[PDB]
Amino acid sequence: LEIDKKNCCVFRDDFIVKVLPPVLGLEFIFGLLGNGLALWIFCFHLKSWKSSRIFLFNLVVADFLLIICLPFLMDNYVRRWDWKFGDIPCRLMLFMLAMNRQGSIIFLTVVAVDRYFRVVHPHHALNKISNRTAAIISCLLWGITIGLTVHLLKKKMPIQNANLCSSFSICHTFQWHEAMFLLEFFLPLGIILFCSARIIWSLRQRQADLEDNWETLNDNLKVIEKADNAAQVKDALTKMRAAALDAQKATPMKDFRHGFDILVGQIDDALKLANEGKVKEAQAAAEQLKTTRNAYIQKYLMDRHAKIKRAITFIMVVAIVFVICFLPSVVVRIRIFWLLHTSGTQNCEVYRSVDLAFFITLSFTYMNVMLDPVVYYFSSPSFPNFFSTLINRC
Ligand SMILES: CCCCCCCC/C=C\CCCCCCCC(=O)OC[C@H](O)CO
Ligand SMILES: CCCCCCCC/C=C\CCCCCCCC(=O)O
């Protein structure tokens, strides 16, 4: 509440002391349960480590850095920022808190960039990265996360004012490091938003092409069944045969590839019956095409339509989690940069309501430990298959 030293106006509303501690606890419970489940599924349930799970497992590592500090953080907010712990416990908590935020920001982009190449550029060299190469990338990206946040271990803590454990970054005017801080968030924000746009755009296109081929197939058969001309059926099978050949090249399955062989072959048989004036004998042969697509095709259409739906769901939650967790604190920090430049630090009451917003959006930053489990769930069908086979045992 009182004006701190070195031109620093800080406020501790009662809403922060009363509402945030139980929020920190809920984020601690679901975060430990979700990441603990992920840690079990990643490391013990499945034995195959792909390049995507290696990049994705870093979020689990980045989340446990915040999970460890959450009980201590609760102890600080209930004590009104009275840091009962020592010097070293405070430096480590600030380091791990920044390591969790900066680490989650970086690896949520790597997850989006990885899925961007799996979808948009399937044949690019970055899709064939070895597990050792992906492990080198993750280590190099952790080394970057170290350097950006290692400075929080140099400053001695706490600071008497009762002792407070905080890196007062909301009392620093906009300078070079603060510009770096904003750029370290907006470049990943631009990459994730662009990748999410391209992936959703490309995947909704593939689904629209599958349903367009399947539409022209069922629709054309209804023409053949309702046909009263011998020439109408010759042209109707033409659009079907072109649709059956387009669907073969679209699929990026052993019993589904040979199903189009039988599908096209049955069209060729009725194609000869259509050219011989067999109006009734070609309309009937076209009904055998209804029994082959149910047994052979419709299953692969639903499997791919679900694979596409889960991929779009995955890239959306990665973008949504990145925004609703890290953007609110950024906007508030930008508003403080303006007020320090506009109003200065003579009258502190200009920062009363803004400080309440900062610690509110600060708990949004801590939400990434209970929302990353949602990212893990939609990453691969192995996660829902873990709980489905676990519930199979009843
Ligand atoms: C930082 C500000 C100044 C610099 C701003 C730079 C902005 C563009 C960056 C990268 C584009 C290239 C990567 C993403 C799109 C290209 C994908 C690619 O490489 O695809 C190749 C090929 O199509 C596969 O088959
Ligand atoms: C080299 C250019 C660096 C650009 C950094 C990121 C761009 C956006 C920067 C902040 C936008 C709002 C500015 C914050 C308060 C500015 C007050 C001031 O004039 O000092």
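Residues numbered from 1 in each chain as written, not as in the entry; some residues may be left out. Chains lettered and ligands numbered in written order. Heavy atoms only, no water. Residues with missing side-chain atoms left out of burial classes, pairs and counts.

Student: What is the right way to read the site of ligand 1 from this model?
Tutor: Every residue lining ligand 1 is accounted for by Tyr116, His121 and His124. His121 is positioned with one of its side-chain polar atoms (N or O) 3.1 Å from an oxygen atom of ligand 1. Alone, ligand 1 offers 680 Å² of accessible surface; in the complex the protein occludes 25% of this. (Near = heavy atom within 4 Å. Polar contact = N/O pair within 3.5 Å; in protein donor to acceptor, adjacent residues only side chain to side chain. Areas by Shrake-Rupley, 256 points an atom, 1.4 Å probe, with all protein chains shown as cover.)

Student: What exactly am I supposed to notice about the site of ligand 2 here?
Tutor: Taken together, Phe174, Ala179, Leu182, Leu183, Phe337 and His341 form the complete shell of residues around ligand 2. Starting from 580 Å² of accessible surface for ligand 2 in isolation, the protein chains cover 51%. When contributions to the shell around ligand 2 are tallied by element, the ones reaching two or more residues are α5 (176-225) and α10 (298-342). For the shell around ligand 2, the element with the most residues is α5, which contributes three residues. Among the residues forming the shell around ligand 2, the class breakdown is five nonpolar, one polar and no charged. (Helix = DSSP H or I, 4+ residues; strand = E, 2+ residues; numbered from the N terminus. Nonpolar A, V, L, I, M, F, W, Y, C, P; charged D, E, K, R; others polar.)

Student: Looking at this structure, how should I read the state of the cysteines?
Tutor: Scanning all chains against the criterion turns up three disulfides. Between the sulfur of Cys9 and that of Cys348 lies a disulfide, 2.0 Å long from S to S. Here the S-S torsion is close to -65°, and the disulfide linking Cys9 with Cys348 is therefore left-handed. Of the two residues, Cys9 and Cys348, both sit in the buried class. A sulfur-sulfur distance of 2.0 Å marks the disulfide that ties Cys90 to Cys165. Between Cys90 and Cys165, the disulfide has an S-S torsion of 100° and is therefore right-handed. Neither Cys90 nor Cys165 differs from the other in exposure class; each is buried. Ordinal numbering of bonded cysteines along the chain defines a disulfide pattern of 1-5, 2-6, 3-4. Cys325 takes part in no disulfide bond, and the closest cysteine sulfur, belonging to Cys69, lies 17 Å away. Taking relative accessible area as the criterion, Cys325 reaches 0% and is therefore assigned buried. (Disulfide = S-S within 2.5 Å. Buried < 20%, exposed > 50% of the residue type's maximum accessible area, 1.4 Å probe, protein only.)

Student: I tried to follow the UniProt feature "transmembrane region" in the chain on my own but got confused; where do I start?
Tutor: In the numbering adopted here, UniProt assigns the feature "transmembrane region" to residues 24-44, 54-74, 93-113, 133-153, 181-201, 312-332 and 356-376. Helix and strand shares over residues 24-44 are 100% and 0% respectively, and the end C-alpha atoms of the span are 29 Å apart. In residues 356-376, helix accounts for 90% and strand for 0%; the two terminal C-alpha atoms are 32 Å from one another. (UniProt positions renumbered as here; feature names shortened; annotations may be inferred.)

Student: Sorry if this is basic, but what is going on with the pattern of salt bridges here?
Tutor: Oppositely charged side chains can pair when the atoms bearing their charge come close. Considering all chains together, one arrives at five salt bridges under this definition. Where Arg118 meets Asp114, a salt bridge forms, and the shortest distance between an N and an O atom there is 3.4 Å. Taken together, the residues span about one helical turn, with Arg118 and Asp114 both in helix α3 (residues 87-119) at a distance of four residues. What makes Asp114 buried here is its relative accessible area of 11%. In this structure, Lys290 engages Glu225 in a salt bridge whose closest nitrogen and oxygen atoms are separated by 2.8 Å. By relative accessible area, which is 30% here, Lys290 ends up partly exposed. (Salt bridge = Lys/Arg side-chain N within 4 Å of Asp/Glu carboxyl O.)

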